[PDB]
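Before any comments, here is the structure.
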RNA sequence: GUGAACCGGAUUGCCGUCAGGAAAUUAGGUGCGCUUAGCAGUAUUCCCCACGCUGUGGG
Ligand SMILES: [Mg+2]
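Residue numbers (the authors' numbering), protein chains in the order written: chain A, 1 to 63; chain B, 253 to 315; chain C, 1 to 54, 141 to 146, 167 to 314, 322 to 362; chain D, 253 to 315; chain E, 190 to 252; chain F, 2 to 166; chain G, 292 to 378; chain H, 1 to 264.
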C-alpha cells in the first residue's frame, strides 16, 4: 500500500537550487520552460529538518 | 530547502495538500500542461488550484 | 479485423530509456531529432508486473504484438542535471560526492499496436472468448503503468490523455501526422495541438470502419465540428473495454 | 468674453476689486476651497467677499 | 485653438490643439542634516544657520 | 501587408492628449478606463472594413501603448534585431555584452501580453543609444505571428547576421 | 421583439443584439444564443470582452456573477462617454 | 385606498454623456412599461433578487393602475415629478435595482385617504384626453390627386372645438358639463398645458415558417400611437362623498396606461 | 509469420558557502471654439369591444 502527498507551494523570490553555473533549474515540460527544484535537495532538506532529529540516523561519509 | 535562504528568506508554506490512497499513483503535472496565466480576479494559487481540481474531476470520473 | 491502439502519452520531466552514456534515446523522423523509448522497454513494462496480470500467449507460435518505438510528436529536448552528494561529517573542506551529471527529457509520445483476427484466436490459451477478454484487458492495460526508469529520483507516472482504438484491418501507423513536429501556440495545449494534428490526419486517408475514441470526460474532441471525425466521442474506464468485448465477441 | 453673447447678454460688471503691490505672488483661490453656500439673509457676492476678507486677513497677519 | 485675425481667406482659425492641467493640495518633506552640513562647510556655524533659515523660508514662500 | 500600414499611419496621426492617455495605461488592460477603450475602438474598428487583413487585437493594443510611450518614426529596414546587435557591437564582450544580450533573449520565450516590460527595457536602451527609426509595420507583422518558431528563428538569425557584420 | 423591444439587464428600449457562446461567430445563428440588449450595457459587454482574454467563452448576462462589473462599466460609460468624439 | 407617492428622476445637464431618464421619458409606451414592471409578483420573487432573467409580461400582475408625469419646484431645485398610486403596495426595490441612473433621490411612499363631503375649496389638478368619436369620419380622404375614396371608419380623432373662441372657455364648458355625471362641479377652470403625446408599440407578426416545427421564423413591426393632452386644475365642490370615490379610483378619462388619469 | 523472433542500462546523490548599484539633475517657453434658431399644434389619432349614431372597458 502506497501513499501520495502532493503540494502546491508559491514561493517568494528565491534561489533554492542552482546548477554549476548558478542558474535555477529548468525543465521543458509541455513545450515551455518550467522552473524546477531538484528532488535530491528536497530529500536532503527533509532529512536535515528540525523534526527528523529523533529519526535522523544515517551517515554518508568517506571519513 | 536550505539554498540561498540567508539571502532570500523564502520560508513560505505549502498552500495545498492532496493525500490520496490507491495502488496506482498520479502526479498532477498534466493539470498544468496548459500554463496557468492569471486573470484580474483571483490569484496564481487559486487558478492553479482550479486547474488542479478540474484535472482531479476528469481523473475521478473519466479515470 | 485488427486492433490499433494509437495512444498519446505526455510525460512530466524524467528520463525513462537510457543508452550507454545515460541519455534519453532518440529517433529520426520528419527531418528532426525526436525523443524515443525503445519498444522492448515498454513491451517488458507491459509484462513483469502483476497489475497487467489480472498473459503468456501475447508476449512469449512466437508472440502476438506489434509495439512501435515511441515517436515524439515534437522535437527532442534533452536536458542535463548536476548532483552533489554531501559529506555530512565535518571535514577540513566541504563537498564529497561523485559530483556527476544526469540527464532527462520531457516528451509527448505516440505508439501503435496490432492484434489480428487469427493472431488473437489462435492465441487461444484455453478459450474462444479469451480472444476478447485479453484484448479487453489490453486496451487500457497498455495505458496502466508507465515503464520504469529513474523514478526514485525523477518521479513521473503521468497517465495518458487521448487514446485511439481503431478496428481498421489495414496496418498503417499514423506517424505521418507527426511529419511536422508539433509547435506550440498560446491558446492550445501541447497535447491539444498534438490531438488536433492527429484529428487533421484522421480527416484525410479516408478519401483514399469507425473511430472508437477515448477522452476522459470528453475534454479533447476529435475535431471541433458536429461532423465528428470519430463519431464515438465517449469513454469511461471499462465501458470501452466491454464495447470492444461485444465488438469482437 | 464674447462667446454666445448674442443669445445670452451677460454683461455683468464688477462687485469687488483686489489690486495689490507686493514682492512675492499669492493666490486667494484657497479662500474658496470651502465653497460658498447661500445663507437666507445675504447674497452670494457679499458672502464671497466675506470669505475672501477672512483669508486675506489670514495671509496678511500669518505671513 | 490659435485664431487668425487677418481676413486673408475664409473664416478659418489657424492652429488647434490641447492643453492639460490639474489642481491639487500638496505635501512636501525636507530634512536638513546638521553635523553633516557643518562638516561639509568645515566649521562655519553662521553660514549653516543662514542655510537652514533660508531653506525654511524658501520652501514656503517659493513655488 | 496593406492593412497594418494604415494602422501605423493612423497611429502616427494621433495627437498629444490621446497618446498621453495611452501612456497612462501602461500595464493596464483596455477596460478599467473608458477613454482608452474609446481611443482603441476609434483606431481599430475602421481598418477591418476597408482591407481584409488586420493585425491581432492584443498586438495592436500593446503596440499602441509602446508607441505612445516611446514615439519613434516608421522606417523600412529598422527592425529590432538589426539595431539590436548593431548596439551589441558597441560593447565590451567581457561583462556588459552578456547582460544586454540576455536582456534581448528574454523576448524570445514570452507570450504577447507579458512582453510589455521586456520590450520596454529593450526600447529603453534603444532610446539611450538615440534610436529614432523603428519599423513599426515590420515589428507588428513579426509580432502578430510571434507564436510560430520560424519567424522567431529568422529574427534571431537576423540578430546573428547584424552582429557578425 | 421576443423580449418586447426592451433590454434585459437594465430594462429599457433596445437597439442591438449581442452574441453569447462563441462556438461559431455566426453566419448561421440559432435563435437561442443571441441576446438583444441596449446600447450602454452592450458597450459594457464590449468593455469586459475587449479587456482581458478574448477567447471563445462569452459573458451571458443571465447568471448573476458578471453583474457588478457590468454595472460599474455602465456607470463609467455614463460618466465619461464623449458622443462628439464618436461612439 | 390612495397610495400617492413620488418618483423624482435624474434629468441630466450634459447632452454629451448618455442620459437614460431623459431618453426614457420620450416614449410613453416604455414609460408605462417602466411603471408597470414595478410590484412584479411574488411568484418568482423567491428565486432571484438581481433582475437577471428573460423578460415576459405574463409573470407580472395585470392590475390596472395610474401615474402622471409633471414638473415642479420644491424650494430651490427644478425636478420633474411622477405621481403614482395603486391598490397594491409599493415595492420599488427591483424595478430600479440595476437602473439607479434613472433615479435622482430614493422614492418615498405616503399614506392618504380622502374626505371632502360637499362644497369645500381644497381640490387639485386633472389630466385627460381630448378624445371624441367623430360625428363625420368623411369617407377616407385618400391621396394622388387629393381626393376621397373610402366609405367610413369610426375613429377617436381629436376634439374639433369651435373657431370663434379659445379653449379656456370651450374645454372649460366641456368638463363643466361633464362634471355632474362624475359627481362634482367646476366653478373655475383654466388650462395649463395642451398638445399631443406620442409613442411606439411593437407588433409581433408571423410570415416565415420552420421546416421541423411551427413558424418560429418571423419578423418585426412597429406602430405609432398619438393622443391629445389636457392638463388643468380647478376649485371644485364634490356632489356626494359616495360616488366620487369611484371617479377617484378610475380617473376622469381612462387613458390610465398612457398618462392621463385621475385628479391630482 | 523472420539476418528476423523474444528482448530494462539498473539502482546512491544539498551546488554550498560571501555580497547596498552608489554618487548629480527646472518637464522649457506660444496660443479666443465660433458664426443660426417659437417645445407648438383644433378640423383623420394608430387601434379593439363599443353607443339614437359622441359618453362609455383598455393596447
Ligand atoms: Mg442593458
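Just so it is clear, CB atoms sit at the ideal spot from N, CA and C, and this is done for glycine as well.
| message | Looking only at its chain, what residues have a beta carbon closer than 6 Å to the beta carbon of residue 101/H, apart from the 5 residues adjacent to it on each side? | response | Counting only Cβ-Cβ distances below 6 Å, and skipping sequence neighbours, we find 20.
| task | Report yes if the C-beta of residue 353/G is less than 7 Å from at least one heavy atom of ligand 1; otherwise report no. | result | no
| query | Do residue 29/H and residue 200/H have their C-beta atoms closer together than 8 Å? | reply | Yes, the pair counts as a contact, with Cβ atoms nearer than the cut-off.
| request: Under 8 Å by Cβ, that's how I've got residue 232/H and residue 125/H pegged, so tell me the actual separation to the nearest angstrom. | output: 7 Å
| Alpha carbon to alpha carbon, what distance is there between residue 110/H and residue 295/G? | 32 Å
| query | With respect to 7 Å, is the separation between the Cβ of residue 52/H and the closest non-hydrogen atom of ligand 1 below this value? | reply | no
| request: Taking 8 Å as the threshold, find out whether the stretch 46–57 of chain F comes into contact with the stretch 22–30 of chain F through three or more Cβ pairs. | output: no
| field | Residues within the stretch 215–233 of chain E neighbouring chain D, beta-carbon criterion of under 7 Å | value | none
| task | Output, in sequence order along the chain, the residues in the stretch 29–43 of chain F whose CB is closer than 7 Å to any CB in chain G. | result | 30, 31, 32, 35, 36, 38, 39, 42, 43
| query | Within 8 Å (strictly less), CB to CB, does residue 4/F reach chain E? | reply | no
| request: Could you tell me whether the Cβ of residue 272/B comes closer than 8 Å to any Cβ of chain A? | output: yes
| Of all the residues that make up the stretch 276–306 of chain D, which are near chain E by a beta-carbon distance shorter than 7 Å? | Listed in sequence order: 276.
| Using a Cβ-Cβ distance under 8 Å, would residue 377/G count as near chain F? | yes
| said: Below 7 Å, is the gap between the Cβ of residue 143/F and the nearest heavy atom of ligand 1? | reply: Checking every heavy atom of ligand 1 against the Cβ of residue 143/F, none is found closer than 7 Å.
| query | Under the rule that 16 or more other beta-carbon atoms within 10 Å means buried, what is residue 302/G, buried or exposed? | reply | When all chains shown are included, residue 302/G counts as buried.
| field | Residue range of the beta strand (DSSP E) that includes residue 274/B | value | 269–274
| said: Please state whether the Cβ-Cβ distance between residue 85/H and residue 4/H is less than 8 Å. | reply: Closer than 8 Å, so yes.
| Residues of the stretch 92–113 of chain F with Cβ closer than 8 Å to any Cβ of chain C, in chain order | 112, 113
| Just how far apart, CA to CA, sit residue 218/C and residue 271/C? | 10 Å
| query | When DSSP builds the beta bridges, which residues end up paired with residue 6/A? | reply | 270/B
| residue 109/F versus residue 239/C - alpha carbon distance | 52 Å
| said: Out of 35/F, 15/F, 95/F, 101/F, which one is the CA nearest neighbour of residue 65/F? | reply: 15/F
| message | Using beta carbons (cut-off 8 Å, strictly below), is residue 14/A in contact with chain B? | response | yes
| query | Using 8 Å as the threshold, is the stretch 309–316 of chain G in touch with the stretch 110–122 of chain F, meaning 3 or more CB pairs across them? | reply | no
| task | Please confirm whether residue 236/H and residue 68/H have their CB atoms less than 8 Å apart. | result | No, Cβ-Cβ distance for residue 236/H and residue 68/H is not below 8 Å.
| field | Partners in chain C for residue 269/B, counting only beta-carbon separations shorter than 9 Å | value | Chain C residues near residue 269/B: none, gap ~17 Å exceeds 9 Å.
| said: Can you tell me which residues form a DSSP beta bridge with residue 294/G? | reply: BP columns for residue 294/G are empty, so no partner.
| task | Could you list which residues in chain C have their beta carbon closer than 8 Å to that of residue 149/F, in chain order? | result | Within chain C, the residues 289, 291 have their CB atoms less than 8 Å from the CB of residue 149/F, given in chain order.
| Alpha carbon to alpha carbon, how far is residue 333/C from residue 222/H? | 47 Å
| Quick one: is the Cβ of residue 27/A within less than 7 Å of any heavy atom of ligand 1? | no
| task | May I ask you to list, following chain order, the residues of the stretch 10–31 of chain F that have a beta carbon less than 8 Å from some beta carbon of chain E? | result | 16, 17, 18, 21
| request: Report buried or exposed for residue 232/E, applying the criterion of at least 16 other Cβ atoms within 10 angstroms of its Cβ. | output: Label assigned to residue 232/E: exposed.
| task | Using a Cβ cut-off of 8 Å (strictly closer), state whether residue 51/A contacts chain C. | result | no
| message | List, in chain order, every chain C residue whose beta-carbon is nearer than 8 Å to that of residue 39/A. | response | 259, 260, 261
| query | Between the Cα of residue 373/G and the Cα atoms of 33/H, 133/H, 18/H, which residue gives the shortest distance? | reply | 18/H
| task | May I have all residues whose beta carbon comes closer than 5 Å to any heavy atom of ligand 1, sorted in chain order? | result | 298/G, 300/G, 301/G, 329/G, 332/G
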